[PDB]
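**Q**
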Amino acid sequence: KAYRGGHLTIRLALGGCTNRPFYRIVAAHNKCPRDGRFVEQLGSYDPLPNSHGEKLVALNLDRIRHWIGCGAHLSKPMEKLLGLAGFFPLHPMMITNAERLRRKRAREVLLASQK
Amino acid sequence: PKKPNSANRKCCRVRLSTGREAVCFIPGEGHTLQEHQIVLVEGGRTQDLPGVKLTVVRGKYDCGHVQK
Amino acid sequence: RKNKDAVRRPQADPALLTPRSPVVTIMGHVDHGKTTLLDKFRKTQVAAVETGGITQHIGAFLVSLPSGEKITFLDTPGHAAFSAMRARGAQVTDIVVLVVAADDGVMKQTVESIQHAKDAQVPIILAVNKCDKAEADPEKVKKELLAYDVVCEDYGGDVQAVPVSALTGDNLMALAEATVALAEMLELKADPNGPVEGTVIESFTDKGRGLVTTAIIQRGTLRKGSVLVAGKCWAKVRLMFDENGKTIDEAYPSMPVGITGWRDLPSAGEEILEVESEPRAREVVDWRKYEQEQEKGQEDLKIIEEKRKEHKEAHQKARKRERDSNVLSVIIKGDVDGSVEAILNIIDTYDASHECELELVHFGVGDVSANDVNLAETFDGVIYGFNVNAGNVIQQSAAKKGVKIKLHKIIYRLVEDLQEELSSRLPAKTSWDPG
RNA sequence: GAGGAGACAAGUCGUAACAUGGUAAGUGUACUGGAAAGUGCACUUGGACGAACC
RNA sequence: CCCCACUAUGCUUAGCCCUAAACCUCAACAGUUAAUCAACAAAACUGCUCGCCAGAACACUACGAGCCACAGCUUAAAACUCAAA
RNA sequence: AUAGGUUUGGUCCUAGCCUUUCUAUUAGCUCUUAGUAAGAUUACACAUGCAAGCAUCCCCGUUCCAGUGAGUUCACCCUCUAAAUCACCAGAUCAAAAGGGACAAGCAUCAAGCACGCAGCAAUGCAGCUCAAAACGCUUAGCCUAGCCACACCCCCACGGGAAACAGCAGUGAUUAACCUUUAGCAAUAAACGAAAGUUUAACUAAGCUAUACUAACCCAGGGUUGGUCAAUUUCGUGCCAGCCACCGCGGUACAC
Ligand SMILES: Nc1nc2c(ncn2[C@@H]2O[C@H](COP(=O)(O)OP(=O)(O)OP(=O)(O)O)[C@@H](O)[C@H]2O)c(=O)[nH]1
Ligand SMILES: [Mg+2]
Ligand SMILES: [Mg+2]
Ligand SMILES: [Mg+2]
Ligand SMILES: [Mg+2]
Ligand SMILES: [Mg+2]
Ligand SMILES: [Mg+2]
Ligand SMILES: [Mg+2]
Ligand SMILES: [Mg+2]
Ligand SMILES: [Mg+2]
Ligand SMILES: [Mg+2]
Ligand SMILES: [Mg+2]
Ligand SMILES: [Mg+2]
Ligand SMILES: [Mg+2]
Ligand SMILES: [Mg+2]
Ligand SMILES: [Mg+2]
Ligand SMILES: [Mg+2]
Ligand SMILES: [Mg+2]
Ligand SMILES: [Mg+2]
Numbered sequence: 010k011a012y013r014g015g016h017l018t019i020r021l022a023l024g025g026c027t028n029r030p031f032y033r034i035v036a037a038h039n040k041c042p043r044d045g046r047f048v049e050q051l052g053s054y055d056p057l058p059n060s061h062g063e064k065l066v067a068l069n070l071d072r073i074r075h076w077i078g079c080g081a082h083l084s085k086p087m088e089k090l091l092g093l094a095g096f097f098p099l100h101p102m103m104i105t106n107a108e109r110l111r112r113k114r115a116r117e118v119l120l121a122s123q124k
Numbered sequence: 070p071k072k073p074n075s076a077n078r079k080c081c082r083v084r085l086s087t088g089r090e091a092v093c094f095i096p097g098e099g100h101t102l103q104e105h106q107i108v109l110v111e112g113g114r115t116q117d118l119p120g121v122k123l124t125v126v127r128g129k130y131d132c133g134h135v136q137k
Numbered sequence: 160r161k162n163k164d165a166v167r168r169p170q171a172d173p174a175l176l177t178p179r180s181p182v183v184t185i186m187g188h189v190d191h192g193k194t195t196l197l198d199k200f201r202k203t204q205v206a207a208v209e210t211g212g213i214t215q216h217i218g219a220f221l222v223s224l225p226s227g228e229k230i231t232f233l234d235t236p237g238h239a240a241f242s243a244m245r246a247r248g249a250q251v252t253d254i255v256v257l258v259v260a261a262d263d264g265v266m267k268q269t270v271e272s273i274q275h276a277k278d279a280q281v282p283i284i285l286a287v288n289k290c291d292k293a294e295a296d297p298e299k300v301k302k303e304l305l306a307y308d309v310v311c312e313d314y315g316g317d318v319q320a321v322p323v324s325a326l327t328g329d330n331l332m333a334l335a336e337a338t339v340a341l342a343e344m345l346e347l348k349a350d351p352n353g354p355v356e357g358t359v360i361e362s363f364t365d366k367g368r369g370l371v372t373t374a375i376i377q378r379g380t381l382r383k384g385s386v387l388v389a390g391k392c393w394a395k396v397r398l399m400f401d402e403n404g405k406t407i408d409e410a411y412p413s414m415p416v417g418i419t420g421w422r423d424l425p426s427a428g429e430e431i432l433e434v435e436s437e438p439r440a441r442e443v444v445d446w447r448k449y450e451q452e453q454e455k456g457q458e459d460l461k462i463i464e465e466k467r468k469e470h471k472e473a474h475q476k477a478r508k509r510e511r512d513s514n515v516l517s518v519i520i521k522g523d524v525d526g527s528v529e530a531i532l533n534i535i536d537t538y539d540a541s542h543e544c545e546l547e548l549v550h551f552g553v554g555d556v557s558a559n560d561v562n563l564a565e566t567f568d569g570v571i572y573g574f575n576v577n578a579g580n581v582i583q584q585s586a587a588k589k590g591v592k593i594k595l596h597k598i599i600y601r602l603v604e605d606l607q608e609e610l611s612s613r614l615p719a720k721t722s723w724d725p726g
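Chains as they are written, first to last, in UniProt numbering: chain B, 10 to 124; chain S, 70 to 137; chain R, 160 to 478, 508 to 615, 719 to 726.
1) Comparing the C-beta of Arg-441 (chain R) with each C-beta of chain S, is any distance below 8 Å?
2) I'd like to know whether the C-beta of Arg-84 (chain S) is nearer than 8 Å to at least one C-beta of chain R.
3) In chain R, which residues lie less than 9 Å from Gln-103 (chain S) when you measure between Cβ atoms?
4) Taking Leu-196 (chain R) and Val-258 (chain R) to be in contact with their CB atoms under 8 Å, please state how far apart those CB atoms are, rounded to whole angstroms.
5) Which stretch, first to last residue, makes up the beta strand (DSSP E) that contains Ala-394 (chain R)?
6) Could you work out which residues of chain S lie near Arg-467 (chain R), taking near to mean beta carbons separated by less than 7 Å?
7) Three-state secondary structure (DSSP) at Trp-421 (chain R)?
8) As a quick exercise: from R:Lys-597, R:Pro-181, R:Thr-566 and R:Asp-568, pick the residue whose alpha carbon is nearest that of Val-576 (chain R).
9) Have a look at R:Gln-250, R:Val-359 and R:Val-570 and flag the residue whose alpha-carbon is nearest the alpha-carbon of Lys-589 (chain R).
10) Would you say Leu-532 (chain R) lies against chain S (beta-carbon separation less than 8 Å)?
11) Candidates R:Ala-279, R:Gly-526 and R:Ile-407: which alpha carbon is nearest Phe-363 (chain R)'s?
12) Jot down the residue ranges of each uninterrupted alpha helix (DSSP H) in the stretch 49–110 of chain B, minimum 4 residues, whole runs only, in chain order.
13) For chain R, is any of its Cβ atoms less than 8 Å away from the one on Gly-120 (chain S)?
14) If you follow the beta strand (DSSP E) that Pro-322 (chain R) is part of, which residue opens it and which one closes it?
15) So what does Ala-279 (chain R) bridge to, in DSSP terms?
16) Using a Cβ-Cβ cut-off of 6 Å (strictly less than) and excluding sequence neighbours within five positions of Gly-390 (chain R), which residues of its own chain qualify?
17) Looking at the structure shown, is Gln-607 (chain R) part of a helix, part of a strand, or coil, going by DSSP?
18) Can you find a C-beta in chain S that's less than 8 Å from the C-beta of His-191 (chain R)?
19) Scan the stretch 514–598 of chain R and note each continuous beta strand (DSSP E) run of 3 residues or more that stays entirely inside, going in chain order.
20) As a quick exercise: from R:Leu-432, R:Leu-304 and R:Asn-288, pick the residue whose alpha carbon is nearest that of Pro-322 (chain R).
21) Consult DSSP for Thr-18 (chain B) and reduce its assignment to one of helix, strand or coil.
22) Is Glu-402 (chain R) helix, strand or coil by DSSP?
23) Mind checking which residues open and close the beta strand (DSSP E) that includes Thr-252 (chain R)?
24) Could you check the C-alpha separation between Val-603 (chain R) and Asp-365 (chain R) for me, to the nearest Å?
25) Going by the DSSP bridge assignment, what does residue 1 (chain B) pair with across the sheet?
26) Identify every residue that forms a DSSP beta bridge with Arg-33 (chain B).
27) List the whole-angstrom C-beta distance separating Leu-334 (chain R) from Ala-279 (chain R), where the pair is believed to meet the contact cut-off of C-beta under 8 Å.
28) With a threshold of 8 Å between beta-carbons, can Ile-582 (chain R) be considered close to chain S, or not?
29) From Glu-228 (chain R) to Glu-343 (chain R), what distance separates their C-alpha atoms?
30) Any C-beta of chain R sitting closer than 8 Å to the C-beta of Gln-136 (chain S)?
Take a look at the structure:
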């Protein structure tokens with residue numbers, strides 16, 4: 010398909026089955042379907058904890074660097090994943106969501122104490 | 070039927086949905102198919118009838134099952 | 160096979176019972192002002208907007224009286240043909256308003272309506288209409304009704320007689336007051352909870368909404384998602400609508416509601432019962448179809464045993509055809525099951541078999557379709573459409589295939605055309724008469 | 001409109017083929033004929049000529 | 001079928017027609033007899049190349065095409081039917 | 001194929017048909033539960049609802065996603081080089097148009113196509129080019145499936161015309177043997193937009209229906225067959241009739257109805 014415009018993006022294509030999300034990190038042309046063609050698969054992400062209580066994430070760091078150099082964008086979930094991995098700085102929204110959770114927890118703690 | 074079998078096999082003439090007219094065999098002991106009635110027809114030739122290659126399916130539309 | 164049918168719930172307890180609005184069916188003789196009276200009560204003028212000025216459909220309307228009460232008026236066809244429609248209206252009615260023209264007095268259809276009212280065991284209110292015109296003799300009307308057992312109050316008869324003039328809208332207020340009084344005396348109530356019970360008043364196929372049935376609720380509330388079963392058909396209620404087409408959230412008892420989502424078109428007058436779920440509804444439908452199949456199988460066994468005994472007697476002792513000119517094959521297409529049934533009853537009244545046979549190749553509800561044209565071609569028949577459309581493509585195909593499609597919008601016009609065709613097939720004018 | 005084929009199926013007229021099938025059979029070709037078919041000219045054995053002399 | 005008479009025809013010239021059980025029913029070229037070969041027939045094979053065949057009948061047929069052919073020849077199907085041939 | 005049945009009075013060979021195996025659709029009879037996958041027959045016509053916004057105005061998007069298979073050797077490799085991303089740049093990535101090569105099935109009873117080539121700056125000159133190694137032509141078919149090509153109601157196109165368009169989700173009429181909800185949510189991923197919190201999304205997610213399939217289970221089992229191929233029939237009724245058979249065949253007083 011002769012795609013008018015568009016650009017590469019490193020994003021999480023969703024696979025798995027119902028109630029069992031699983032992600033393939035794909036450097037795919039942004040306009041292509043989420044589960045459609047992709048230039049290269051750069052790793053994986055299992056959101057459901059395994060028996061060891063781990064959320065396995067595979068990152069082909071060399072290829073991710075290559076595609077960032079070639080100009081691929083980064084979807085927000087992938088940016089957050091890289092921030093967690095430490096490959097990138099913690100996302101501002103990761104930090105701000107942590108702060109919001111702390112404030113909500115403090116409010117609920119105050120409510121619980123006032124009982 | 071063709072020799073050596075002897076019988077009076079029950080058949081009907083149907084205007085199949087494709088526009089062709091064909092003779093359909095009517096299986097089972099006895100039936101009630103009258104003119105103007107709708108039937109479903111499957112393949113499978115009636116061995117002892119020459120030129121008849123359609124069997125009226127029992128229990129569908131206007132052709133009820135055989136009666137015990 | 161275990162009996163998995165769905166059966167009308169037993170009469171509700173007085174604690175469950177709750178006041179419900181009354182259903183009044185306006186019945187009478189042709190052109191005696193039933194629809195005009197209904198128009199006056201509804202505040203809307205439809206009598207002018209009609210094909211042939213004839214009511215050919217048992218129509219329901221939820222009128223609201225100025226006092227604030229609500230009444231479900233069923234305006235029924237007055238022609239001789241629609242006996243089944245009149246009987247069904249009498250069956251579903253709580254009260255029967257018999258409209259009799261003061262000018263013309265009692266008539267054959269008036270007597271038929273009175274008989275149906277007696278059979279349904281429903282109170283009768285006489286509305287003597289056309290009182291304005293000279294020779295209007297309500298006293299004569301009452302005296303003649305004495306013969307048919309509709310005794311007025313003046314003669315010590317429980318039936319209330321009301322002189323009205325639907326044309327001038329005079330005394331209709333007192334007619335409505337009498338209707339309200341009779342409803343109060345009847346003290347109509349029904350359970351507004353639990354599985355729904357209703358009656359089909361009409362059925363049809365709408366090109367946008369599917370198989371649509373105009374029903375009247377009798378017990379419990381109907382809502383989107385309820386699973387209904389009526390006769391051999393079932394639905395998951397997809398859209399409930401009113402006479403105006405406005406979607407309505409709930410259908411309380413004695414409300415006329417059009418229901419969509421029927422997997423198959425039910426017959427007019429059949430009972431609608433709610434069931435638990437789709438699998439249960441399909442089980443009920445399969446059981447009912449199986450029961451009908453067993454009945455038909457018993458009858459077919461009788462016929463087949465006749466044939467087989469004949470053949471055995473024949474044997475033990477020894478030890508396509510061109511259709512005649514005097515055979516009119518007809519396809520019948522109606523806008524509603526009621527119209528289809530009316531035409532079929534008219535046909536079944538046929539008695540001129542000797543001179544020319546009248547074969548009914550197929551009948552249905554909806555626009556003349558390619559399959560109808562194919563049947564007509566296969567049987568050199570004629571398609572008769574009652575208030576249905578014949579698209580341009582269908583017309584072209586019928587012209588190519590030599591079929592004759594005859595659309596009509598009036599029952600007696602269609603019947604005149606049918607008798608014309610019978611006479612044409614004759615070797719002269721036909722001897723069968725519709726009435 | 002009519003013909004052809006196949007099938008079902010009995011009668012009808014003959015007996016053309018299968019034995020040297022009672023005129024050996026058949027191929028091509030031509031004439032002829034209720035009907036298989038007959039004959040003419042050439043060709044094949046998918047016939048025989050019994051297999052010492054007699 | 002046997003007997004008699006006679007014509008086309010069998011012959012010559014110049015053109016057509018292009019069919020045969022046109023069969024030795026056994027393709028051309030090269031090679032072998034070694035370890036055999038359904039039956040019959042004219043023993044069994046190897047290498048190589050071309051031509052042809054894929055159940056019976058419909059069918060030396062229909063349609064199309066070509067042809068000095070005009071009741072023709074070459075090429076040549078399909079539908080229906082059968083479990084056989 | 002590890003094959004089997006069937007030509008005959010009998011044997012051998014050749015051959016066709018059929019049986020046994022595995023899928024998918026439909027139908028008949030029958031059905032308890034849970035998880036998951038998949039789901040109009042049709043490029044015929046469509047009521048209704050929704051499906052594209054974002055945002056300090058401009059811009060950007062609505063060309064994407066989703067859909068169908070009508071059409072059909074625009075899909076693959078190489079050359080060249082547009083558009084787009086890499087905050088501007090850089091060549092890098094991606095990938096149009098153009099050029100070269102490759103690229104489905106059947107019919108040759110489709111064998112000729114009829115200008116289908118070349119040279120020259122041009123003028124104009126040469127008379128050539130394809131084809132039995134299948135040109136030209138007709139019919140059929142979406143393909144080579146991380147997906148790709150084509151279409152977007154028809155007139156290939158779409159200025160214009162015919163006309164008023166679901167082949168977007170749900171749904172419907174017609175049609176077919178073929179027939180799922182006119183559910184909820186943006187909670188996740190993706191896309192659009194924004195500087196951003198965020199907003200929209202019938203994409204998608206999570207649900208609804210369906211024995212179409214796979215997995216798992218229940219202390220509530222049907223369907224088919226029982227002459228041979230092929231596992232498995234007692235007694236009756238019928239008597240070449242009723243009827244049965246995938247093939248061979250059975251039934252004229254039956255392990256085949
Ligand atoms: N003289 C007179 N005519 C009236 C009156 N009311 C109505 N009409 C007319 O009587 C005729 C019959 O009225 P309709 O309602 O059409 O008749 P109907 O009795 O319902 O009959 P169907 O057509 O069978 O339904 C019409 O022309 C009316 O306008 C009245 O009070 N007096
Ligand atoms: Mg009226
Ligand atoms: Mg002889
Ligand atoms: Mg002889
Ligand atoms: Mg001879
Ligand atoms: Mg002679
Ligand atoms: Mg020779
Ligand atoms: Mg010849
Ligand atoms: Mg010929
Ligand atoms: Mg010819
Ligand atoms: Mg099934
Ligand atoms: Mg196609
Ligand atoms: Mg041809
Ligand atoms: Mg277009
Ligand atoms: Mg459309
Ligand atoms: Mg849709
Ligand atoms: Mg439908
Ligand atoms: Mg299906
Ligand atoms: Mg017995």
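C-beta atoms are modelled at their ideal positions from N, C-alpha and C, and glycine is treated no differently.
**A** Judging by the given coordinates:
1) Position 282 of the third sequence, counting from 1, holds the residue named residue 441 (chain R). Not an interface residue.
2) Taking the second sequence and counting its residues from 1, one reaches residue 84 (chain S) at position 15. At a cut-off of 8 Å, the C-beta of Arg-84 (chain S) has a neighbouring C-beta in chain R.
3) Walking along the second sequence from the start, residue 103 (chain S) turns up at place 34. Ordered by position in chain R, no residue passes the 9 Å Cβ test against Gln-103 (chain S), which lies about 10 Å from the chain.
4) The residue you call residue 196 (chain R) lines up with position 37 of the third sequence. The residue you call residue 258 (chain R) lines up with position 99 of the third sequence. 6 Å between Cβ atoms; contact.
5) Taking the third sequence and counting its residues from 1, one reaches residue 394 (chain R) at position 235. Residue range 392–395 is occupied by the beta strand (DSSP E) that includes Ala-394 (chain R).
6) Within the third sequence, numbered from 1, the residue matching residue 467 (chain R) stands at position 308. Simply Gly-99.
7) One-based indexing of the third sequence puts residue 421 (chain R) at position 262. Strand.
8) Mapped onto the third sequence, residue 576 (chain R) falls at position 388. Comparing alpha carbon positions, the residue from R:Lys-597, R:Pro-181, R:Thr-566 and R:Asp-568 closest to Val-576 (chain R) is R:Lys-597.
9) Residue numbering aside, residue 589 (chain R) sits at position 401 when the third sequence is read from its first letter. Of the candidates R:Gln-250, R:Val-359 and R:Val-570, the one whose C-alpha sits nearest the C-alpha of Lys-589 (chain R) is R:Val-570.
10) The residue labelled residue 532 (chain R) in the question sits at position 344 within the third sequence. False, the Cβ-Cβ gap to chain S never drops below 8 Å.
11) Residue 363 (chain R) sits at position 204 when you count from the first residue of the third sequence. For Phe-363 (chain R), the nearest C-alpha among the options comes from R:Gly-526.
12) Here the runs fully enclosed are 70–79 and 85–94.
13) Counted from its first residue, the second sequence places residue 120 (chain S) at position 51. Closer than 8 Å: no.
14) In the third sequence, residue 322 (chain R) corresponds to position 163, counting from 1. Looking at the DSSP string, the run of the beta strand (DSSP E) that includes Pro-322 (chain R) is 319–322.
15) Numbered from 1 along the third sequence, position 120 holds the residue referred to as residue 279 (chain R). Under DSSP, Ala-279 (chain R) shares a beta bridge with no residue.
16) Stepping through the third sequence from its first residue, residue 390 (chain R) is reached at position 231. Hits under 6 Å: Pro-425, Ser-426 and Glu-429.
17) Within the third sequence, the letter at position 419 stands for residue 607 (chain R). Note: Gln-607 (chain R) maps to helix in three-state DSSP.
18) The sequence position of residue 191 (chain R) within the third sequence is 32, counting from 1. Closer than 8 Å: no.
19) Runs found: 515–522, 545–553, 570–574 and 592–596.
20) Sequence index remark: in the third sequence, residue 322 (chain R) carries index 163 (1-based). The alpha carbon of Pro-322 (chain R) has as its nearest neighbour, out of R:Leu-432, R:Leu-304 and R:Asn-288, the alpha carbon of R:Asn-288.
21) Start at 1 with the first residue of the first sequence, and residue 18 (chain B) comes out as number 9. In this structure, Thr-18 (chain B) counts as strand in the three-state DSSP scheme.
22) In the third sequence, the residue the question calls residue 402 (chain R) occupies position 243. The answer is coil: DSSP assigns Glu-402 (chain R) none of H, G, I, E or B.
23) Taking the first residue of the third sequence as 1, we reach residue 252 (chain R) at position 93. Looking at the DSSP string, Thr-252 (chain R) is not in any beta strand (DSSP E), and its letter there is neither H nor E.
24) For this step, residue 603 (chain R) is matched to residue 415 along the third sequence. For this step, residue 365 (chain R) is matched to residue 206 along the third sequence. Each residue's Cα considered, the two are about 25 Å apart.
25) A query on residue 1 (chain B) cannot be resolved here, the shown segment of chain B reaching from 10 to 124 and no further.
26) Residue mapping note: residue 33 (chain B) aligns to position 24 of the first sequence, counting from 1. Bridge partners of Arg-33 (chain B): B:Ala-22 and B:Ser-53.
27) Here residue 334 (chain R) refers to the residue found at position 175 when the third sequence is read from its first residue. Here residue 279 (chain R) refers to the residue found at position 120 when the third sequence is read from its first residue. Between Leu-334 (chain R) and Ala-279 (chain R), the beta carbon gap of about 21 Å keeps them out of contact (Cβ cut-off 8 Å).
28) As a first step, residue 582 (chain R) must be located in the third sequence, where it is residue number 394. Chain S contact via Cβ: absent.
29) Residue numbering aside, residue 228 (chain R) sits at position 69 when the third sequence is read from its first letter. Residue numbering aside, residue 343 (chain R) sits at position 184 when the third sequence is read from its first letter. Roughly 11 Å separates the two Cα atoms.
30) Position 67 of the second sequence, counted from the start, is the residue given in the question as residue 136 (chain S). So yes, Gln-136 (chain S) belongs to the interface.
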